[PDB]
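These are the residues of each chain, in order.
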Amino acid sequence: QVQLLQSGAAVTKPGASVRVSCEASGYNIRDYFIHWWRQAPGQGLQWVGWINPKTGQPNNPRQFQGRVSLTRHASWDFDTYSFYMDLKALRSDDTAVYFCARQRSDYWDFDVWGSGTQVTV
Amino acid sequence: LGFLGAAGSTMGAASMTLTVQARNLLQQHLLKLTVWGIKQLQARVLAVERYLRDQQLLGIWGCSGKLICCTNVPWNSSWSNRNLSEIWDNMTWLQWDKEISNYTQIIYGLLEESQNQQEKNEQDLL
Amino acid sequence: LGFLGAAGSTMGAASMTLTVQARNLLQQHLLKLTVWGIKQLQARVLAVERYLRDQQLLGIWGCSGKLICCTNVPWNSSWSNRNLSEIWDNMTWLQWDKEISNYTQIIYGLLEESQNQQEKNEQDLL
Amino acid sequence: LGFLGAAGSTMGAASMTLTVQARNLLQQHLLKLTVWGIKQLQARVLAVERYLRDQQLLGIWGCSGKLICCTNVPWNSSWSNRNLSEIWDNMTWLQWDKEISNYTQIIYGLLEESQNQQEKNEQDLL
Amino acid sequence: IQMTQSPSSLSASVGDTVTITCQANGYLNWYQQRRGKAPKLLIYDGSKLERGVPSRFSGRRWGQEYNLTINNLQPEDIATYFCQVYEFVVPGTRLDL
Amino acid sequence: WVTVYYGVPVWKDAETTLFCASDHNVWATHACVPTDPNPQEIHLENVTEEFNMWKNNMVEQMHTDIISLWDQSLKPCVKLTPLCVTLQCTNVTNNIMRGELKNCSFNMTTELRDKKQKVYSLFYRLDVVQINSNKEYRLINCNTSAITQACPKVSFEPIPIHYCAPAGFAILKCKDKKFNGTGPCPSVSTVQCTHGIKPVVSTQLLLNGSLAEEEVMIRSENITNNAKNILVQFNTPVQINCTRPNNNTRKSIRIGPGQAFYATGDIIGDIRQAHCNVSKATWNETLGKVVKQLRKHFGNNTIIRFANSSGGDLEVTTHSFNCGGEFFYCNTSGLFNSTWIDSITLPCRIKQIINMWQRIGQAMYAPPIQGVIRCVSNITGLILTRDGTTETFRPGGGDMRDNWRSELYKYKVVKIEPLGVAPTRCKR
Ligand SMILES: *[C@@H]1O[C@H](CO)[C@@H](O[C@@H]2O[C@H](CO)[C@@H](O[C@@H]3O[C@H](CO)[C@@H](O)[C@H](O[C@H]4O[C@H](CO)[C@@H](O)[C@H](O)[C@@H]4O)[C@@H]3O)[C@H](O)[C@H]2NC(C)=O)[C@H](O)[C@H]1NC(C)=O
Ligand SMILES: *[C@@H]1O[C@H](CO)[C@@H](O[C@@H]2O[C@H](CO)[C@@H](O[C@@H]3O[C@H](CO)[C@@H](O)[C@H](O)[C@H]3NC(C)=O)[C@H](O)[C@H]2NC(C)=O)[C@H](O)[C@H]1NC(C)=O
Ligand SMILES: *[C@@H]1O[C@H](CO)[C@@H](O[C@@H]2O[C@H](CO)[C@@H](O)[C@H](O)[C@H]2NC(C)=O)[C@H](O)[C@H]1NC(C)=O
Ligand SMILES: *[C@@H]1O[C@H](CO)[C@@H](O[C@@H]2O[C@H](CO)[C@@H](O)[C@H](O)[C@H]2NC(C)=O)[C@H](O)[C@H]1NC(C)=O
Ligand SMILES: *[C@@H]1O[C@H](CO)[C@@H](O[C@@H]2O[C@H](CO)[C@@H](O)[C@H](O)[C@H]2NC(C)=O)[C@H](O)[C@H]1NC(C)=O
Ligand SMILES: *[C@@H]1O[C@H](CO)[C@@H](O)[C@H](O)[C@H]1NC(C)=O
Ligand SMILES: *[C@@H]1O[C@H](CO)[C@@H](O)[C@H](O)[C@H]1NC(C)=O
Ligand SMILES: *[C@@H]1O[C@H](CO)[C@@H](O)[C@H](O)[C@H]1NC(C)=O
Ligand SMILES: *[C@@H]1O[C@H](CO)[C@@H](O)[C@H](O)[C@H]1NC(C)=O
Ligand SMILES: *[C@@H]1O[C@H](CO)[C@@H](O)[C@H](O)[C@H]1NC(C)=O
Ligand SMILES: *[C@@H]1O[C@H](CO)[C@@H](O)[C@H](O)[C@H]1NC(C)=O
Ligand SMILES: *[C@@H]1O[C@H](CO)[C@@H](O)[C@H](O)[C@H]1NC(C)=O
Ligand SMILES: *[C@@H]1O[C@H](CO)[C@@H](O)[C@H](O)[C@H]1NC(C)=O
Ligand SMILES: *[C@@H]1O[C@H](CO)[C@@H](O)[C@H](O)[C@H]1NC(C)=O
Ligand SMILES: *[C@@H]1O[C@H](CO)[C@@H](O)[C@H](O)[C@H]1NC(C)=O
Ligand SMILES: *[C@@H]1O[C@H](CO)[C@@H](O)[C@H](O)[C@H]1NC(C)=O
Ligand SMILES: *[C@@H]1O[C@H](CO)[C@@H](O)[C@H](O)[C@H]1NC(C)=O
């Protein structure tokens, strides 16, 4: 079934880099963009950005320009699809839980999300 | 009574249900050249050809667009010697097609020739 | 005015241009079984089937070979209550097809049944 | 005289044999998508299309289901100035098609337009 | 695109009809975040519902405003409920029960 | 009182198999029906029709047709399965980064199955990945796909294709100059075939396209959804000139019985980077018109920035295209550079292992073209993507259905329903 298995919680320091994996399985990964969101402690959700699974074209807001890097990697026959989220100029502000979700139509319905990955700086 | 519903009904009663039989004689829009697409295309072309053959015969007999059409050909008695009462009140159309089987072909010839005659006559009357 | 030229013209005026619409409803001689040959064959068969469906309906209504054909079916008022003046002097055919959309099917049924009735009557008159 | 048997016969005599020409204008049930199955399918579809084109022209001229059909179009003299006697007693149909070759198209236009006129007139008479 | 969602805290009892007002001018979605389990989609677009979501949840559009009428409020609705129009998500109201 | 009419002007929205018409090519244009020398266009008066370019079935059908033609053109050609082996690669003889060409030697199979030949070939660096021994390489596609050499005689040149609907159907061209793309369009017309739509595959720039008549035109399915690309259409073209200045002779290596592999040999001249030029004074003020038309949607006080591609595959980070038979990938970082409150040389990299249509398992080896290739194309549009006081518009593409939405936006297939039933005061 549709599943977005995330990686374990990682700890880094200000300046280092963190990678968050979102191994996706159970459906045609090609037709549905993968969006990354960020839940700060005791706050709302924040839009990190979407990655196209077909072309790999990322799309992030002005805050994460030159900072976040959304990448993907498909195994043979596209059956598995590991989506990676990289951060470079990491700060204490960016301690949060990074979710990966599947936009499933033009309405931006995220019917499935990831387990979550607690990045603590 | 739907398609072929009057198959066992008498010959006269099935003549009131000729329309419900004449009607059924004739992504998805792509052919696909597969095991099933070939079969679908063959089905469509066969249906078209059969319908056109029947309508062609009706057209050349002068019975075009007529579900019931009298003709000037007299009934030669040697085809079948049976009075109309049991034909149109007792029997079904399938039994009648059983009896008239062999003769049918030459009957068709007579009909079309007669039509041609009358056509010339009309062109002589105008 | 060529094909569909009277689309926005009134309903009455487009009735004088039915022929220029009915006409277009229907090496190169080899099929080639290619990407384009398949599409051409599908196009040809679809055109034939659509033309035959329309002509079949006209034939079973008794309107065969008639671009305009009156019928014995009365206009049941529940289909649409509008006087002929605005229908035939103001509106276009597309708007009319918009209004009569739902009812059309049962109208067809009435027409063909009536045709069958009259056919039997003629066979009773001869 | 079978198919095309009256090709060299005079124009009048071939008019009594129009039926034997109009008739031939139109495991084995599977298509097989082979060198020969493709050719057979192309043959069938071409035959259907040609027959429907001819019958469509006849239908829109009002000559539907008529092997001989007079029309209201007058004979414009510029097409050909020849009296009927040699046309219908000496010449064959092939020679006549040779002479009337260029004009034929516009003749067709006249015919169909006339048919539409008469259709409206009948709807005005009823 | 501009959004607003009021109130921020809202306590209700069992067997109650409770509405969370949320005004927007885009295709709106409603979510249910259970404080450490990732959100769950309940109502997609203004009124349509998701599989696996009982009829206890329902939505209604009126000009620009959206309701999320949660009738027959059960104990299993103690979560946080937030809107979403494309990339803009507002903090959710913390249902207390 | 019912009256039946045959030939009525009525139509319903429908989808059918459109065939082709046209005046050694990948898109099998020889097989097309001969198009009308003078197309008959009938201006329909008083009629308003509701179009939708983003739900057009013609676009999906054309995508399927283009993919099918690409597949059938590759069917009878050579399979370069032997070419996937370890390659001893040195640098091409050069002084000089410029590792862009690698002189790679390998043991190829000969006509005889029991013999082998030591041959060599110049491979672009994008077409070879390093394995392990530091000189050992392999083709990029060996661990993901099977590669099929494109036939040297079939051309990739886009020949215009006219999409004609069958009889009993029609195509409705919307002649309204200011067409937002969807909704009602007055001044409709009927056509028997669409105009000559060149199948030009490219990303970040629409080349050899049809231009708007009145203004620059911005067309997006939703201008609020970032995931939707923004198709920009230019009222005047921006000419783009390419050159692949390398001479690049070819050389046939017989890889099997009756099977040849055309490989690059020695370069006759200087090893020079390929590029395409765009006039600076035209591309500026073309972006001027674009920013005016974008500020129309985004308000007058926004700052319409143009940044370069955020990332992804090579096919969408660069202006990819086929020029003279060689597959170029131009940087276009200088084009998409301004805030918007003398030529622009865009360096391009060539590839020979091409995976079109975002597929795997159907890679192809474009043979090397001899001589010197040049483009003279006309940029007639863009495929932008907005970033979710200022608005940044990076390039996009990759999905070729957006490349043919910019062409099949006027047109709209309809099914002619000739039967009609009207009330008149007549009886049988
Ligand atoms: C946008 O359109 C332009 C044209 O409007 C197009 O540029 C053209 O590219 C073609 C590529 O085929 C050029 O034609 C070639 O030109 C040279 C010089 O004559 C020859 O090398 C070529 O002939 C050989 O190769 C052909 C295969 O490519 C063989 O079929 C042939 O037998 C020969 O072996 C060929 O004629 C054409 O000159 C330019 N047009 C110009 C410079 O005006 C451009 O590529 C299009 N852009 C895109 C992205 O599609
Ligand atoms: C969009 O434009 C950007 C500039 O505005 C480009 O960013 C440049 O990309 C170069 C290639 O990746 C970078 O060079 C690399 O720099 C890193 C960090 O210093 C080095 O480790 C690498 O070795 C070096 N690459 C090489 C081949 O030596 C540039 O530093 C970088 N510039 C800036 C200002 O960040 C983007 O590449 C460009 N994107 C596209 C898709 O064209
Ligand atoms: C772009 O997206 C917006 C926001 O979702 C759509 O907004 C609709 O706009 C129409 C016309 O004003 C309104 O009647 C609808 O009520 C709006 N919908 C909603 C959910 O608010 C807009 O239609 C989209 N544009 C397109 C598809 O062209
Ligand atoms: C690519 O490398 C090959 C060798 O693998 C070069 O061919 C050799 O060139 C030298 C210098 O001219 C000759 O002496 C040798 O006899 C050649 N060996 C062969 C053909 O096996 C070739 O010139 C290089 N090509 C370039 C740099 O384009
Ligand atoms: C596209 O061109 C840009 C410049 O127009 C390249 O960015 C340069 O990268 C080099 C290293 O490769 C740096 O030394 C320069 O400072 C960069 N220039 C700028 C203006 O930032 C860019 O790398 C090119 N794209 C690719 C994919 O190589
Ligand atoms: C194929 O090879 C590349 C380059 O070594 C590698 O990154 C990739 O994971 C491999 N697999 C696929 C499916 O591309
Ligand atoms: C034949 O079938 C009809 C209905 O189709 C039925 O009414 C009739 O009784 C049957 N005939 C006989 C002789 O039973
Ligand atoms: C409808 O179009 C016709 C030409 O087809 C034109 O003469 C007429 O004026 C138009 N009707 C109206 C109401 O403008
Ligand atoms: C033409 O052929 C017919 C038989 O079809 C024959 O009787 C007739 O004599 C021929 N005409 C001439 C002028 O010989
Ligand atoms: C060969 O090219 C590589 C880059 O791929 C470069 O680092 C190296 O110095 C070159 N070697 C020689 C001998 O020119
Ligand atoms: C080609 O075969 C020879 C056999 O002696 C071997 O030494 C050489 O390394 C081989 N080359 C490659 C590229 O595998
Ligand atoms: C064009 O289409 C857009 C699509 O969002 C619509 O909102 C707009 O009103 C239309 N504009 C015109 C001028 O018809
Ligand atoms: C390319 O090289 C050939 C010889 O291989 C030469 O005749 C030709 O002129 C060169 N082409 C140029 C300079 O465009
Ligand atoms: C494109 O090439 C032609 C070749 O004659 C040249 O005249 C023209 O100026 C060039 N345009 C640009 C923008 O470089
Ligand atoms: C383009 O034109 C604008 C408007 O005149 C000007 O401000 C700008 O400097 C020019 N150059 C660029 C790169 O935008
Ligand atoms: C891009 O823009 C910057 C200024 O923002 C400029 O300095 C740089 O040279 C430009 N890069 C190009 C044209 O490649
Ligand atoms: C754009 O370029 C082509 C040649 O590539 C040329 O024939 C065409 O006329 C140009 N377009 C315009 C609008 O000048």
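Use the structure listed above.
1. Things to note about the environment of A:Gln46
All names here are of chain A.
Right, on to step 1. The topology assignment puts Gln 46 in strand β5 (residues 45-51).
Right, on to step 2. Expressed as a C-alpha distance, the spacing of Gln 46 and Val 68, which sit 22 residues apart in the sequence, is 13 Å.
Right, on to step 3. In contact with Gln 46, other than residues within four places in its own chain, are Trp 36, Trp 37, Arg 38 and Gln 63.

2. Digging into the pairing of strand β24 (residues 319-323) of chain F
Residues and elements named next belong to chain F.
Right, on to step 1. With four of five residues buried, β24 is to be regarded as a mostly interior element.
Right, on to step 2. The pairing of β24 with strand β25 (residues 326-330) spans five bridges and is classified as antiparallel. Each residue of the ladder has a partner; that of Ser 320, found in β25, is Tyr 329.
Right, on to step 3. Here β24 folds back onto β25, and the loop between the two strands holds two residues, one of which, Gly 324, carries a positive phi near 60°.

3. What to know about the pairing of strand β21 (residues 259-264) of chain F
Residues and elements named next belong to chain F.
Right, on to step 1. Of all six residues in β21, five are buried, a share of seventy percent or more.
Right, on to step 2. Pairing geometry for strand β20 (residues 250-256) and β21, over six bridges, is antiparallel. Within β21, the residue paired with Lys 251 across the bridge is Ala 263.
Right, on to step 3. Hairpin geometry of β20 and β21 is characterised by an intervening segment of two residues between the two adjacent antiparallel strands and by a positive phi of about 70° at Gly 258.

4. A word on helix α1 (residues 57-74) of chain F
Residues and elements named next belong to chain F.
Right, on to step 1. Over its 18 residues, α1 runs 26 Å from end to end, which matches the ideal 26 Å to within 8%, given 1.5 Å per residue.
Right, on to step 2. Here α1 lies mainly inside the structure; 13 of its 18 residues are buried.
Right, on to step 3. Sitting at the head of α1, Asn 56 places a side-chain oxygen 3.2 Å from the backbone nitrogen of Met 58.

5. Structural notes on the site of ligand 2
Residues and elements named next belong to chain F.
Right, on to step 1. All residues adjacent to ligand 2 are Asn 308, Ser 309, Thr 317, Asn 331 and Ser 333.
Right, on to step 2. A distance of 3.1 Å separates an oxygen atom of ligand 2 from a polar atom in the side chain of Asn 331.
Right, on to step 3. Its free accessible area being 810 Å², ligand 2 has 18% of it covered by the protein chains.
Right, on to step 4. Counted by class, the shell around ligand 2 contains no nonpolar, five polar and no charged residues.

6. Concerning the nonpolar core
Right, on to step 1. Counting residues in hydrophobic clusters, the biggest one holds 67 residues, and the most contacted among them are C:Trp93, C:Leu111 and F:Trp11.
Right, on to step 2. The element that contributes the greatest number of residues to this core is helix α3 (residues 35-60) of chain C, accounting for five residues.
Right, on to step 3. Excluding residues within four positions of it along the chain, C:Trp93 makes contact with C:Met11, C:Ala14, C:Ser15, C:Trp88, F:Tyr5, F:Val8, F:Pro9, F:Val10, F:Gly420 and F:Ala422.

7. Considerations on the state of the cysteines
Right, on to step 1. A full pass over the atoms with the stated rule returns 16 disulfides over all chains.
Right, on to step 2. The residue that forms a disulfide with A:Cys22 is A:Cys100, at a sulfur-sulfur distance of 2.0 Å. Sign of the S-S torsion, about 90° for the bond between A:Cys22 and A:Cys100, identifies this disulfide as right-handed. Pair noted here: A:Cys22 is in strand β3 (residues 18-25) and A:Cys100 is in strand β9 (residues 96-102), with a separation of 78 residues, a long-range link. One exposure class covers both A:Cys22 and A:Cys100, and it is buried.
Right, on to step 3. Note on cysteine connectivity: C:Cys63 is disulfide-linked to C:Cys69, with sulfurs 2.0 Å apart. Here the S-S torsion is close to -55°, and the disulfide linking C:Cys63 with C:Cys69 is therefore left-handed.
Right, on to step 4. Classification of C:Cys63 as buried rests on a relative accessible area of 0%.
Right, on to step 5. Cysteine B:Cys70 is unpaired, with the sulfur of B:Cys69 as its nearest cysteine sulfur at 6.8 Å.
Right, on to step 6. With relative accessibility at 48%, the residue B:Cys70 sits in the partly exposed group.

8. Structural notes on the packing of aromatic side chains
Right, on to step 1. This model, assessed by the stated rule, comprises 45 aromatic pairs over all chains.
Right, on to step 2. Geometrically, the ring pair formed by C:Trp88 and F:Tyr5 is tilted, given 5.5 Å between the ring centres and 50° between the ring planes. In this pair, C:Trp88 is assigned in helix α4 (residues 84-89) and F:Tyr5 in strand β1 (residues 2-6), connecting two distinct chains. Here C:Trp88 matches F:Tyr5 in class, with each residue buried.

Calculation criteria
- Residues numbered from 1 in each chain as written, not as in the entry; some residues may be left out.
- Chains lettered and ligands numbered in written order.
- Part of a larger assembly, values for the part shown.
- Heavy atoms only, no water.
- Helix = DSSP H or I, 4+ residues; strand = E, 2+ residues; numbered from the N terminus.
- Contact = heavy atoms within 4.5 Å.
- Buried < 20%, exposed > 50% of the residue type's maximum accessible area, 1.4 Å probe, protein only.
- Pairing = 2+ DSSP bridges.
- Expected span 1.5 Å × (residues − 1).
- Polar contact = N/O pair within 3.5 Å; in protein donor to acceptor, adjacent residues only side chain to side chain.
- Near = heavy atom within 4 Å.
- Areas by Shrake-Rupley, 256 points an atom, 1.4 Å probe, with all protein chains shown as cover.
- Nonpolar A, V, L, I, M, F, W, Y, C, P; charged D, E, K, R; others polar.
- Core = buried A, V, L, I, M, F, W, Y, C linked by side-chain atoms within 4.5 Å.
- Disulfide = S-S within 2.5 Å.
- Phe/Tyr/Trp six-rings, centres within 6.5 Å; stacked < 30°, edge-to-face > 60°.

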